[PDB]
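Scroll down for the structure; my scribbles are underneath it.
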Amino acid sequence: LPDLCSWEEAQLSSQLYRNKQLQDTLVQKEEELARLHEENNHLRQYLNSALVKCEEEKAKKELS
Amino acid sequence: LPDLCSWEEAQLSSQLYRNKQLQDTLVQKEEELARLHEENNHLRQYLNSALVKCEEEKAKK
């Protein structure tokens, strides 16, 4: 029992360490995701806004 | 001692399960990031192309 207990405790420490590393990576990923979602959406909006104005201009020009 | 051992065993089990969950979440997050990076690049490419064409249309005379 005491040799098993010491082995189990070491495995637990190693597991908690690996999980902490995963957890930290996951925080970094979530914020990278949030950044990209916001940038993609804004870029999308900007493109749509500019392209629409280009077409509005052609419409009112090409009427006479 | 015997109380600590059972607590540590139960924690090994919970933490193995936690590891799996974190691993599963991470593969899903990486897939999502890979797609958003692809989209971001395409959006920047499209933007560049639209700036050029916007500019060339200002061949205004």
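If you read the sequences in order, they're chains A and B.
The working numbering applies: residue 1067 is where the first sequence begins, and numbers increase by one.
The working numbering applies: residue 41 is where the second sequence begins, and numbers increase by one.
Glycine included, each C-beta is placed from N, C-alpha and C at the ideal position.
- From the beta-carbon of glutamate 72 (chain B), the residues of chain A found nearer than 7 Å are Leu1099.
- The contact set of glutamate 1105 (chain A) on chain B, defined by CB atoms closer than 7 Å, consists of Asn80 in chain order.
- Less than 7 Å separates the beta-carbon of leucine 76 (chain B) from that of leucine 1102 (chain A).
- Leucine 1078 (chain A) sits away from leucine 83 (chain B), with the two beta carbons spaced by 7 Å or more.
- The beta-carbon of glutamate 1074 (chain A) is placed less than 7 Å from the nearest beta-carbon of chain B.
- The C-beta distance from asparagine 81 (chain B) to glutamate 1105 (chain A) rounds to 12 Å, too long to meet the 8 Å contact threshold.
- Annotation: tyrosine 57 (chain B) to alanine 50 (chain B) spans about 11 Å, alpha carbon to alpha carbon.
- The DSSP-derived three-state label of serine 1080 (chain A) is helix.
- Within the same chain, and ignoring the five residues on either side of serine 54 (chain B) in sequence, no residue has its Cβ closer than 8 Å to its Cβ.
- No Cβ of chain A is located within less than 7 Å of the beta carbon of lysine 100 (chain B).
- Between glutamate 72 (chain B) and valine 1118 (chain A), the alpha-carbon positions lie close to 29 Å from each other.
- For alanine 99 (chain B), the secondary structure class from DSSP, reduced to helix, strand or coil, is coil.
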